[PDB]
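In order, the protein sequences belong to chains F, D, B, H, J, A, C, E, G and I.
In case it helps, the deposited numbering puts the first sequence at residues 264 to 326.
In case it helps, the deposited numbering puts the second sequence at residues 264 to 326.
In case it helps, the deposited numbering puts the third sequence at residues 264 to 326.
In case it helps, the deposited numbering puts the fourth sequence at residues 264 to 326.
In case it helps, the deposited numbering puts the fifth sequence at residues 264 to 326.
In case it helps, the deposited numbering puts the sixth sequence at residues 264 to 326.
In case it helps, the deposited numbering puts the seventh sequence at residues 264 to 326.
In case it helps, the deposited numbering puts the eighth sequence at residues 264 to 326.
In case it helps, the deposited numbering puts the ninth sequence at residues 264 to 326.
In case it helps, the deposited numbering puts the tenth sequence at residues 264 to 326.
All C-beta atoms in this analysis are idealised placements derived from N, C-alpha and C, irrespective of residue type, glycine included.
10 protein chains.
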Amino acid sequence: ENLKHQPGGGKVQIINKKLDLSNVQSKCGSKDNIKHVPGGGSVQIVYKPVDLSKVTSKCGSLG
Amino acid sequence: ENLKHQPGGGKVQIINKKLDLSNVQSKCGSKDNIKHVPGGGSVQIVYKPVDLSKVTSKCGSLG
Amino acid sequence: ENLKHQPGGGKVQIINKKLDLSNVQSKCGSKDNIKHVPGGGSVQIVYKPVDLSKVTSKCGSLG
Amino acid sequence: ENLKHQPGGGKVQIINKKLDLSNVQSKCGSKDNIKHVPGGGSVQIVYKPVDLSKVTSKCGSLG
Amino acid sequence: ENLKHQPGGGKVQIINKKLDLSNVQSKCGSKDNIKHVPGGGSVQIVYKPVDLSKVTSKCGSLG
Amino acid sequence: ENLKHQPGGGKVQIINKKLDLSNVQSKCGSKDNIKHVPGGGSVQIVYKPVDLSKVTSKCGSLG
Amino acid sequence: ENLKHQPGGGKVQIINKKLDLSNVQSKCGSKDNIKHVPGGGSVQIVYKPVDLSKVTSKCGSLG
Amino acid sequence: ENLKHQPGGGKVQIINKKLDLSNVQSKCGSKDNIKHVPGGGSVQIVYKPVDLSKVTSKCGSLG
Amino acid sequence: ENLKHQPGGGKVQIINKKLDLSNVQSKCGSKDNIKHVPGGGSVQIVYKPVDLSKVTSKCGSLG
Amino acid sequence: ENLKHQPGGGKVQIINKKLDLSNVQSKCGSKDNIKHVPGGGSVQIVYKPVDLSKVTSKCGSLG
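Below you can see the structure in the form of C-alpha cells.
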C-alpha cells in the first residue's frame, strides 16, 4: 500500500524556530464586583484574567 | 496505492520561522460591575480579559 | 493510484517566514456596567476584551 | 503494507528551537468581590488569575 | 506489515531545545471576598491564583 | 544657552522597526585564478566575496 | 548652559526592534589559486570569504 | 552647567530587541593554494574564511 | 556641574533582549596548501577559519 | 560636582537577557600543509581553527 510514504532525501538541513511570545499585563490590576443569590433556576460563571501563550493538545473530550 | 507519496528530493534546505507575538495590556486595568440574582429561568456568564497568542489543537470535542 | 503524489525536485531552498503580530491595548482600560436579574426566561452573556493574534485548529466540534 | 513508512535520508541536521514565553502580571494585583447564598437551584463558579504558558496533552477525558 | 517503520539515516545531528518560561506575579497580591451559606440546592467553587508553565500528560481520565 | 534643547512632549508612542536583510549567495561558488611574481615595484591586492548587511561606525581613522 | 538637555515626557512607550539578518553561503564553496614568489619590491594580500552581518564600533584607529 | 542632562519621564516602558543573526557556510568547503618563497623584499598575508555576526568595541588602537 | 545627570523616572519597565547568533560551518571542511622558504626579506602570515559571534572590548592597545 | 549622577527611580523592573550562541564546526575537519625552512630573514605564523563566541575585556595591552 505504501512503499516510501513521503521520503525525505537531503544532505544538509538547518532550521531555526523563533517563538517570541510576549504577554503584557495591567500593572494597576482589574476590579470587578459580582453578586449571586440562589433562589430560582439560573446558571452563573465568573472567570479571572488568564494568560494563554501556547498550548499543545492532540485530542480532548469535554474541556 | 502509494509508491512515493509526496517525495522530497533536495540537497540544502535552510528555513527560519520568525514568530513575533506582542500582546499589550491596559496598565490602568479594566473595571466592570455585574449583578446576578437567581429567581426565574435565565443563564448568565461573565469572563475576564484573556490573552490568546498561539494555540495548537488537532482535534477537540465540546470546549 | 498514486505514484509520485506531488514530487518535489530541487537542490537549494531557502525560506524565511516573517510573522509580525503587534497587538496594542488601551492604557486607560475599558469600563462597562451590566445588570442581570433572573425572573423570566431569557439568556445573557458578557465577555471581556480578549487578544487573538494567531490560532491553529485542524478540527473542532462545538466551541 | 509499509516498507519505508516516511524514510529520512540526510547527513547533517542542526535545529534550534527557541521558545520565548514571557508572562507579565499586575504588580498592583486584582480585586473582586463575589456573593453566594444557596436557597434555590443555581450553579456558581469562580476562578482566580492563572498563567498558562505551555501545555502538553495527548489525550484527556473530562477536564 | 512494517519493514523500516520510519528509518532515520544520518551522520551528525545537533539539536538545542531552548525553553524560556517566565511567569510574573503580583507583588501587591490579590484580594477577593467570597460568601457561601448552604440552605437550598446550589454548587459553589473557588480557586486561588495558580501558575502553569508546562505539563506532560499522555492520558488522563476525569481531572 | 539651551533651556529645553529639543523637548519631546507625548503620551503614547509605539514604533516598530522592521529590518529585513536577505543576502543570497552562489550555490555553485566562484572561481578565480591570480598570479603574482615580485620582481619590479608594483602593488597587488586580492579580496574574496564578502557579505555586508549592516554596520555601525560612529568614527574611524584609516580602515 | 543646559537645563533640560533634550527632556522626554511620556506615559507609555512600546518599541519592537526587528533585526532580520540572513547571510547565505555557497554550498559548493569557492576555489582560487594564488602564486607569490618574493624577488623584487611588491606587496601582496589575499583574504578569504568573510561574513559581516552587524558591527558596533564607536571609535577605532588603524584597523 | 547641566541640571537635568536629558531627563526621562515615563510610567510604563516595554522594549523587545530582536537580533536574528543567521550565518550560512559552504558545506562543500573552500579550496585555495598559495605559494610563498622569500628571496626579495615583498609582503604576503593570507586569511581563512571567518564569521563576523556582531562585535562591540568602544575604543581600539591598531588592530 | 551636574545635578541629575540623566534622571530616569518610571514605574514599570520590562525589556527582553533576544540575541540569536547562528554560525554555520563547512561539514566537508576546508583545504589549503601554503609554502614558505626563508631566504630573502619578506613577511608571511596564515590564519585558519575562526568564528566570531560576539565580542566585548572597552579599550585595547595593539591586538 | 555630581548630586544624583544618573538617578534611577522605579518600582518594578524585569529584564531577561537571551544570549543564543551557536557555533558549528566541520565534521570532516580541515587539512592544511605548511612548509618553513629558516635561511634568510622572514617571519611566518600559522594558527589553527578557533571558536570565539563571547569575550569580556575592559583593558588590554599588547595581545
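Own chain, CB closer than 7 Å to residue i, minus 5 neighbours either side, in chain order
i: residue 286(D); result: 314 and 316
i: residue 307(F); result: 299
i: residue 290(F); result: none
i: residue 264(J); result: none
Assumed close pair residue i, residue j - CB separation to whole angstroms, cut-off 8 Å
i: residue 279(C); j: residue 296(A); result: The Cβ separation is near 48 Å, so there is no contact.
i: residue 271(D); j: residue 271(B); result: 5 Å
i: residue 305(E); j: residue 303(C); result: 7 Å
Neighbour-count burial assignment, residue i, 16 or more Cβ in a 10 Å radius
i: residue 268(I); result: exposed
i: residue 293(C); result: buried
i: residue 283(A); result: exposed
i: residue 301(I); result: exposed
i: residue 274(J); result: exposed
i: residue 318(E); result: buried
i: residue 309(B); result: exposed
i: residue 276(J); result: exposed
Per-residue DSSP class, three states only, for residue i
i: residue 315(A); result: strand
i: residue 293(H); result: coil
i: residue 305(B); result: coil
i: residue 275(H); result: strand
Contacting residues, own chain, Cβ-Cβ under 8 Å from residue i (five flanking each side not counted)
i: residue 288(D); result: 312 and 314
i: residue 281(E); result: none
i: residue 266(F); result: none
DSSP beta-bridge partners of residue i
i: residue 268(B); result: Answer is none; residue 268(B) lacks a bridge partner.
i: residue 323(E); result: 323(C) and 323(G)
Beta-carbon proximity list for residue i, same chain, < 6 Å, skipping 5 on both sides
i: residue 325(A); result: none
Heavy atom of the ligand GDP within 7 Å of residue i beta-carbon
i: residue 272(C); result: This structure does not include the ligand GDP; it has no bound ligands of any sort.
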